[PDB]
Amino acid sequence: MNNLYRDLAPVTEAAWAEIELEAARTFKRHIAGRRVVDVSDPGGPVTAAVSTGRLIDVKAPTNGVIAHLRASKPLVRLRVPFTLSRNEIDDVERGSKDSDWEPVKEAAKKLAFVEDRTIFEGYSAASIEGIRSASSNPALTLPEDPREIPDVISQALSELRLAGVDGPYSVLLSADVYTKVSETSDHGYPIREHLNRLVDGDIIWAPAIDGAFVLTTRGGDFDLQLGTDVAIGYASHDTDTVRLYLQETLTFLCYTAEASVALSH
Amino acid sequence: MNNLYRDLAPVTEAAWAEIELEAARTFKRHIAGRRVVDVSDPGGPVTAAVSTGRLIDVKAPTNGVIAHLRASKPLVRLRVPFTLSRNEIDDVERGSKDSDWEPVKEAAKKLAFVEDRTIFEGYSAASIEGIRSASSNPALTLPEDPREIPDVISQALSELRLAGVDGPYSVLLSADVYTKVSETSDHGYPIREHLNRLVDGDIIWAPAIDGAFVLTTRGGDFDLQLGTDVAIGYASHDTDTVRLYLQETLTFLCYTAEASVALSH
Amino acid sequence: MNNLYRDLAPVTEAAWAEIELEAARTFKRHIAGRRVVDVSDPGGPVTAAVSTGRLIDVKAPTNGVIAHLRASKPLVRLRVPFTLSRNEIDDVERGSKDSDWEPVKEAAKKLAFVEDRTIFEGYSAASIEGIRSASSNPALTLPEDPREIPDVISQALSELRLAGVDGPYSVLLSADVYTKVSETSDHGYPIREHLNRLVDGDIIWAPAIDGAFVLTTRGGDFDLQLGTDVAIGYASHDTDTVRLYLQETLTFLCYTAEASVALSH
């Protein structure tokens, strides 16, 4: 066995398949960073840090010796526990098609939100600087009126052009901004269509992030190093409930500071 | 023979083919639920219920025994009788191309309307909860002005996005709302074109339903379990008329409560 | 895994085999309905109802439509929990041949009694009418004197003959009546031998039932529809005990009302 004690869980194979399907569907639906950043292959449970290739000055041990520490970025393991009714798990085998997988969906959405906020807004406790802070380009402010959002999007694209970066550009919108651009139409077209016409990439729904992000998907700028991908593990169970969790180990590294523009307000 | 005593009917094979063609054409034209919901293969005349996989607490027969009833949803058989002039049936063989199949068309439209209302508006007597009642998403109100319908459609799509559901979205419009969006044009385009641009699915004409419905066609949310599909049977005949009927046995089950948005007014 | 979490139980394979052997032996010993009624093949955990082939009038959804509900009989799941000492389970591997399987025997006898009472005495909460109530033939009264039991048995056979039913006849006796006929002898022969001479079937010991039953085993009259057969499942365990259960899902249907005679007192 491995650390996910799934064999110890009182969950059937059919219920396991349904739970995995629900978690994967929700995570894919609510994730936005993986669509733009480079996702490394999982390094395995052993992997604990990613080498940045740099050196840190440290006080030599003896005279006449120059000592340097090898810099690295630690992976963080993020775990989202959730509990399931054993009645629904048992109902799956009985042919039930509407088992209550809401805790799975909530946990998957929470994990996706944490991952996206880590990639974009950063996670200081994990020594991760997000795309917003690492952006050397000036930060714009989203206007209140949705019809003026294409203006600031064009301004951000102009800033990226002045930064000399190439490759397809993708716009990431928060839930509020995405809703505003979708529900507002101009010239018989929603504002989201205007934004999609502006860039050759795609308009990404990013409910976890704040404001908006404009960045290039040429590759080699944003790296999401994965220790292990999203997995479902088992914690404990009662006679009527099972306590599972969703966990993953990752770090995010930004290499190019001028490859993104961050918008707020 | 089977319960459809077609061999006992005074209807010729050519007239039978014409009647079946008319009934199938009208049913396909006037049906909307089958285009969005999952339609099971017919289970045969024996099938009487669909297992929901759940248990119902019942009072044990003896001490020390725990008893549970197996929950299921009963299929309902819906029959629409209609009568045909024997003169038209006889005229079919004589080469007549304009036989009066209006009763067939009326019966087929009535059966399609009953099926669609059962799927969407529900049929309580058959223990069927429609999509409208089963929708956990908030219910919107269609504005009187047709030009504002894309606004509430975008609002419903935003609600579905907040519900975390994926897959292509299809908008179902009642006869009144479909007529209003078709006959009203904005920016040199009918409002129906705006709605079609909003969603990646299709705008469905649903004359049976009320208001509008926005839902995802990803699959696995709406299930139409069929005992037997639509068939034409024979009841009786006079010297000048034949009494036939259109019948089908079905039930509708909704599995996902957040996969649809219902609009009224 | 399936809903019987046997892999999660702290029970060895040898102890499992002993427990299954004990449960099967006790159930076969104490069961009487399966010897006379037709036992269907298990339909699987999904099966929740059995179609009776009939229609129920329901209030049409729209005008000009005739609607009928498909009648069915729900399966009932009967579970008999029991607890075993972990010391005995561990002793099985150590070569112990006299492990305490009394809880298994008690649970198996209780399940057999519930099944037999359901078949014969009925279980109203499960919408099951027993053989006694479904019997259209008049009900006889068993005399107090065991030597007069062959008289009423012959009377019941005469009633079955007047009902025009054929096939071998089997007499089912309650524990009290079986004990009385066995322990009482006439003409150097127990009364049970007289009863066995009366019918071409067999005298069945039916400790669950009350009074006696005379019925024909020609087939096609009494049907025991099985969802799942008797199985042993796992519930929980302590450091010294394991909580298991015996469960099965079934319904009983009587097709011929004149194929049985029920005796009381």
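In what follows, chains carry the letters A, B, and so on, assigned in the order in which the sequence lines appear, proteins first and then strands, with residues in each chain numbered from 1. Just so it is clear, the values below take in all heavy atoms, side chains as well, and ignore hydrogens, waters and symmetry mates.
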Just by modelled atom types, is the [Y] backbone N or O under 3.5 Å from a matching donor or acceptor in the [X] side chain?
{"X": "C:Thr216", "Y": "C:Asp166", "answer": "yes"}
{"X": "C:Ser133", "Y": "C:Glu129", "answer": "no"}
{"X": "C:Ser40", "Y": "C:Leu226", "answer": "yes"}
{"X": "B:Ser51", "Y": "B:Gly53", "answer": "yes"}
{"X": "B:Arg70", "Y": "C:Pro45", "answer": "yes"}
{"X": "C:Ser154", "Y": "C:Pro150", "answer": "yes"}

Side-chain touch [X]/[Y], heavy atoms, less than 4.5 angstrom:
{"X": "C:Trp16", "Y": "C:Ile232", "result": "yes"}
{"X": "C:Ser174", "Y": "C:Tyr178", "result": "no"}
{"X": "C:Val114", "Y": "C:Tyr123", "result": "no"}
{"X": "C:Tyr245", "Y": "C:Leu4", "result": "yes"}

Under 4.0 Å between a side-chain nitrogen and a carboxylate oxygen: does that hold for [X] and [Y]?
{"X": "C:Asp210", "Y": "C:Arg132", "result": "no"}
{"X": "C:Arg197", "Y": "C:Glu193", "result": "yes"}
{"X": "A:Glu106", "Y": "A:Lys109", "result": "no"}
{"X": "C:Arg35", "Y": "C:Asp202", "result": "yes"}

Only distances under 3.5 Å count here; give the side-chain donor-acceptor pairs of residues 254-263 of chain C to other protein atoms, sequence neighbours excluded, each with its distance to 0.1 Å.
from: C:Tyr255; atom 1: OH; to: C:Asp223; atom 2: OD2; distance (Å): 3.0
from: C:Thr256; atom 1: OG1; to: C:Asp221; atom 2: OD1; distance (Å): 2.6

Original post:
Are C:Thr249 and C:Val76 close enough, and set up right, to give a side-chain contact (heavy atoms from CB on, under 4.5 Å), and what steps lead you there?
Top reply: CA-CA 5 Å; C:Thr249 316; C:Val76 62; over 6 Å; no
Which atom pair, heavy atoms only, marks the closest approach of [X] to [Y]?
{"X": "B:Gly64", "Y": "C:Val80", "result": "O-CG1, 3.9 Å"}
{"X": "C:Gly167", "Y": "C:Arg218", "result": "CA-CB, 3.8 Å"}
{"X": "C:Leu253", "Y": "C:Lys73", "result": "CD2-CG, 3.7 Å"}
{"X": "B:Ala60", "Y": "B:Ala67", "result": "CA-CB, 4.3 Å"}
{"X": "C:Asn196", "Y": "C:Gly201", "result": "OD1-O, 4.0 Å"}
{"X": "C:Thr228", "Y": "C:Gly44", "result": "CG2-C, 3.8 Å"}

Subject >> side chain to side chain donor-acceptor pair (under 3.5 Å) partners of residues 232-243 of chain A, not counting sequence neighbours, each pair once >> reply: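 As it turns out, the side chain to side chain donor-acceptor pair (under 3.5 Å) pairs with a partner in residues 232-243 of chain A, which skip direct neighbours, are A:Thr83-A:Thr241, A:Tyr234-A:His237, A:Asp238-A:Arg243.
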How many angstroms lie between atom [atom1] of [X] and atom [atom2] of [Y], to the nearest 0.5 angstrom?
{"X": "C:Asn137", "Y": "C:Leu160", "atom1": "CG", "atom2": "CG", "value": "5.5 Å"}
{"X": "B:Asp38", "Y": "B:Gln225", "atom1": "CG", "atom2": "CD", "value": "9.5 Å"}
{"X": "C:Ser85", "Y": "C:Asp91", "atom1": "OG", "atom2": "CG", "value": "9.5 Å"}
{"X": "C:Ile191", "Y": "C:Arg147", "atom1": "CD1", "atom2": "CZ", "value": "5.5 Å"}
{"X": "C:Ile119", "Y": "C:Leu250", "atom1": "CD1", "atom2": "CG", "value": "7.0 Å"}
{"X": "C:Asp100", "Y": "C:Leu84", "atom1": "CG", "atom2": "CG", "value": "8.0 Å"}

Subject >> Sole candidate of C:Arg77, C:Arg79, C:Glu115 that passes side-chain contact (heavy atoms from CB on, under 4.5 Å) when paired with C:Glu248 >> reply: C:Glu115
Original post:
Tell me the ring-ring contact (aromatic ring centres under 6.0 Å, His included) pairs involving residues 71-102 of chain C, sequence neighbours left out?
Top reply: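 For residues 71-102 of chain C, and leaving out neighbouring residues, there are no ring-ring contact (aromatic ring centres under 6.0 Å, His included) pairs at all.
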Original post:
Does NZ belonging to C:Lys180 count more than 12 external heavy atoms closer than 6.0 Å?
Top reply: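 Counting neighbours around NZ of C:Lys180, 12 or fewer heavy atoms of other residues, nucleotides or ligands fall under 6.0 Å, so no.
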**OP:** Apply side-chain contact (heavy atoms from CB on, under 4.5 Å) to the pair C:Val152 and C:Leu142, showing each step before the final yes or no.
**Re:** CA-CA 7 Å; C:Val152 293; C:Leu142 285 163; 3.8 Å; yes
Original post:
Step by step, would you call C:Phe213 with C:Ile204 a side-chain contact (heavy atoms from CB on, under 4.5 Å)?
Top reply: CA-CA 10 Å; C:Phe213 283 83; C:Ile204 319 294; over 6 Å; no
Original post:
Does the side-chain hydrogen bond (donor to acceptor under 3.5 Å, both in side chains) test come out yes or no for C:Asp186 and C:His194, once each step is laid out?
Top reply: CA-CA 9 Å; C:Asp186 217 328; C:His194 299 356; 5.2 Å; no
Atom pairs and distances, side-chain donor-acceptor, residues 5-15 of chain C, under 3.5 Å, sequence neighbours left out:
from: C:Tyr5; atom 1: OH; to: A:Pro10; atom 2: O; distance (Å): 3.0
from: C:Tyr5; atom 1: OH; to: A:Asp90; atom 2: OD1; distance (Å): 3.2
from: C:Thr12; atom 1: OG1; to: C:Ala15; atom 2: N; distance (Å): 3.3

Considering only distance and modelled atom types, tabulate donor-acceptor pairs under 3.5 Å from the side chains of residues 92-99 of chain C, sequence neighbours left out.
from: C:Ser96; atom 1: OG; to: C:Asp98; atom 2: OD1; distance (Å): 3.4
from: C:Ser99; atom 1: OG; to: C:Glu88; atom 2: O; distance (Å): 3.2

Less than 3.5 Å apart, which donor and acceptor atoms pair up between the side chains of residues 19-31 of chain C and the rest of the protein, not counting sequence neighbours?
from: C:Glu22; atom 1: OE1; to: C:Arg25; atom 2: NH2; distance (Å): 3.4
from: C:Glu22; atom 1: OE2; to: C:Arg25; atom 2: NH2; distance (Å): 3.0
from: C:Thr26; atom 1: OG1; to: C:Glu22; atom 2: O; distance (Å): 2.8
from: C:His30; atom 1: ND1; to: C:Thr26; atom 2: O; distance (Å): 3.1

Subject >> Full working for side-chain contact (heavy atoms from CB on, under 4.5 Å) between B:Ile66 and C:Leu78 >> reply: CA-CA 6 Å; B:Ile66 308 157; C:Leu78 310 153; over 6 Å; no
